[PDB]
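Okay, here we've got a single chain as structure tokens, the form deposited in one PDB entry, with questions on binding and movement later.
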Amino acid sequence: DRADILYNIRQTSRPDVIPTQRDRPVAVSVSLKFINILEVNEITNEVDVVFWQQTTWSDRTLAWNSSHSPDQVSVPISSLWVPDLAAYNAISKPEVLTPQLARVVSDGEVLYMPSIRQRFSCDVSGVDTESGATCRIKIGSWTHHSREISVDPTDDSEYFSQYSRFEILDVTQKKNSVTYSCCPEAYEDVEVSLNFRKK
């Protein structure tokens, strides 16, 4: 049934179409687990970090009966709709470090969690402070407003490399909504706050 399931997903799902249920927004969960902090610059206020970007959402049309079938499959993301998330204050392309496969569950829920390396512009002052710096990253949909996509956040140092020259103090995630000057609509995002200190 596993090739069957991939087949059913590809015949049934269009990657270029938002899986909106009954003209409700598509609820996406976003969550970052930091793995490393590689380059910090206090003169230019730029940081280099590696993290797992956990992204989950639902496409109920994908679902299948798993009484005698596998409960899950791994699928190339090029066969799915994936939300067009962006980090607003990113100053580089995000470098994907892991195979780009999503996990689909028989109920129609999807998990995509690449490990990503990326550079951001953010407040770095206090890095050499026992209070540490707090760097804020904002992530949301680039071209879908809140009527279509809604972004909700789900040991902060649990998988953090210990060989990093930095140490994490806390990670906190909060939901925001913003309307920009060019356009009438609002865009939901998550601000992740990364509190870290040099060692």
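We call the rigid core the largest set of C-alpha positions that still match within 1.5 Å between the two forms. Residue positions are given as counts along the sequence shown, with the first one as 1.
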query	finding
Test item: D155 lacks coordinates in at least a third of other entries	yes
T154-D155 interval: deposited residues absent from the model	4 to 9
Higher-scoring stretch by recorded Cα B factor average, 17 to 25 or 187 to 195	17 to 25
121 to 129 set against 105 to 113, stretch whose average Cα temperature factor tops the other in the entry	121 to 129
Residue, from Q173, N45, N65, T56, that the PDB entry assigns the highest Cα B-factor	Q173
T61 - which third its CA temperature factor falls in, relative to the rest of the chain	highest
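Absent from the display: the form deposited in another entry. The rest refers to it.
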| property | result |
| --- | --- |
| Residue among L101, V124, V73, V110 with C-alpha shift of 2 Å or more between this form and the one not shown, core superposed | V124 |
| C-alpha of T179 off by 2 Å or more between this form and the one not shown on rigid core | yes |
| Pairwise C-alpha change, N89 versus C182, in that other deposited form against this form - closer or farther, 3 angstroms or more | farther |
| Shift in CA distance, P184 and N89, in that other deposited form relative to the form shown here, given it is 3 Å or more | farther |
